[PDB]
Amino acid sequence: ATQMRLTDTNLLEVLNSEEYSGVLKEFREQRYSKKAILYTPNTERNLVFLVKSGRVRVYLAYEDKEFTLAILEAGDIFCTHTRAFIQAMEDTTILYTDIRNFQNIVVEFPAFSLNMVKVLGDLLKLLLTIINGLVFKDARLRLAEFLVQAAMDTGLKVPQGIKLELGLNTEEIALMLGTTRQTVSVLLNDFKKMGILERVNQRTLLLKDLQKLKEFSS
């Protein structure tokens, strides 16, 4: 798991399956324009929501700074009782319900319960991983670790190496690593000069030599 992609878990096929059609009722729909803030840290309302379509960004903010914790994709699930901002990275539709209502849904359908535990588990491991990087690694090592994990989760093997379509620019990467867009640009170039990668565009990378990158991040 990474800050760019949480879980391969399929919470949409469930909410559209055989048994599940009365619980979808108990979900309200809301749609958001790109860059719209879905939720603020001091939301008075406490909800559980899932991304039906699009892509949202969970982040911390302080003065003029931000740090991206996670990107939520279709299928992913979250709450509103967090200190984090939640923003549409694109035109997004969520499905939400008040927490008390969600607490009722979990017992009528154990698959939600089991999903919500697997997601919390991974979230737990992701947060320990962010902290570990912030405490003991430099930006270069955090990037190397980010690439290596991103490759394992979503890399596509091609003849030239592993294709990584991040859907993120250098600035969006910088916000996930806690650095500037400038130092990220420098670091990708260093990796390029090492034979590790090239850029395919502003959003995708070619990992020509993953083992040398694995060997770098340790």
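Throughout, we count residues from 1 along the sequence that is shown.
Set 46-54 against 145-153 and average the Cα temperature factors; 46-54 ends up higher. Look at the mean CA B-factor for 9-17 and for 192-200 in the entry; the higher one is 9-17. Of the residues listed, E171, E66, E29, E165, the entry assigns the biggest Cα temperature factor to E29.
Within the group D138, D91, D122, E73, the record's highest C-alpha temperature factor is found at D91. In this PDB entry, the Cα temperature factor of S185 sits in the bottom third of its chain's modelled residues, the lowest group.
In this PDB entry, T80 carries a Cα temperature factor that places it within the middle third of its chain's modelled residues. In the deposited entry, the Cα temperature factor of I86 places it in the lowest third of its chain's modelled residues.
When the modelled residues of the chain are ordered by C-alpha B-factor, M116 sits in the middle third. Per the PDB record, residue ranking by Cα B-factor puts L126 in the lowest third of the chain.
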